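Residue numbers (UniProt numbering), protein chains in the order written: chain S, 73 to 128; chain E, 129 to 183; chain Y, 184 to 238.
Beneath this line is the structure, given in structure tokens, with notes to follow.
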Amino acid sequence: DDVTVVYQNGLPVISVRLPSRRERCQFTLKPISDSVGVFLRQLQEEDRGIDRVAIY
Amino acid sequence: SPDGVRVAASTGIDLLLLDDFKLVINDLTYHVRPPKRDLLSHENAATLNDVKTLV
Amino acid sequence: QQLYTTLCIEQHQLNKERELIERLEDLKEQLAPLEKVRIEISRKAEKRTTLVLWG
Ligand SMILES: CCCCCCCCCCCCCCCCC[C@@H](O)O[C@H](CO[C@H](O)CCCCCCCCCCCCCCC)COP(=O)(O)OCC[N+](C)(C)C
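Written out as structure tokens, the structure reads:
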């Protein structure tokens, strides 16, 4: 599995695999109104087994 | 999504109702099929000519 | 409402205010060299006005 970023309706959709159920999940990002830490907060809200997140 | 990937809880409803989806409630998966408009004749100057004719 | 979503109008409005904020904070970029001269000129003009008042 990869992490795929595509564009739908002018917004980026990023499809990442969550660990606790091992099913993918797509996140719709807003390129102006949103930040990195709100994307990581949504990523920890979707699955509670994502205690450690980082982005480099 | 109909491909099988989950849809995160920050996705708006207006982005969700542009395609089919599946709704899982406890263990039953209901295949929701919303009434969608066309996307072939959805050139925006024609959709604005529909809004102009209706108003 | 199905045109407000497929044309991505909310990001267009936020792009518009981002353009306005950038134009405002770039008009304040070429002003800060000039006020360093203007404050000097106004200071050494008030320093000569108080001379004729006390005179
Ligand atoms: C630049 C280098 C420094 C120079 C330092 C030397 C300064 C030399 C002095 C120059 C004087 C300029 C200031 C003028 C002060 C005079 C005050 C005047 O009021 O005295 C009157 C006496 O009159 C004076 O003899 C001259 C009258 C003024 C006519 C000349 C005008 C000079 C103005 C030059 C521009 C400078 C700006 C003015 C600064 C206030 C008596 O008061 P009063 O009778 O009860 O007036 C009634 C009050 N009103 C006006 C509000 C109704």
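The beta carbon of each residue, even a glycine, is placed where N, CA and C say it ideally should be.
- Against chain E, the beta carbon of Y/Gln-185 has neighbours under 7 Å at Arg-165, listed in chain order.
- By the rule of a C-beta closer than 7 Å to any heavy atom of ligand 1, the residues picked out are Y/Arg-231, Y/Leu-234, Y/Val-235, Y/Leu-236, Y/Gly-238.
- Annotated three-state conformation of Y/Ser-225 is helix, per DSSP.
- Contact between E/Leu-143 and S/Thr-76 is ruled out by a C-beta separation of about 18 Å, above the 8 Å threshold.
- Annotated three-state conformation of Y/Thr-232 is helix, per DSSP.
- Taking the beta carbon of E/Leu-143 as reference, the chain Y residues within 7 Å of it are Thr-188, listed in sequence order.
- For S/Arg-89, the enclosing beta strand (DSSP E) begins and ends at 83-89.
- Per DSSP, Y/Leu-190 is not a residue of any alpha helix (DSSP H), being assigned neither H nor E.
- Interface flag for Y/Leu-203 against chain S is unset, since no Cβ pair is found closer than 8 Å.
- Around the beta carbon of S/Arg-94, a 10 Å sphere encloses fewer than 16 other beta carbons of the protein chains shown; the residue is thus reported as exposed.
- Counting along the chain, S/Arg-113 sits inside the alpha helix (DSSP H) bounded by residues 108-118.
- For E/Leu-143, the uninterrupted alpha helix (DSSP H) segment begins and ends at 141-144.
- A distance below 8 Å separates the beta carbons of S/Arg-96 and E/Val-133.
- Interface flag for S/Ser-105 against chain Y is set, since a Cβ pair is found closer than 8 Å.
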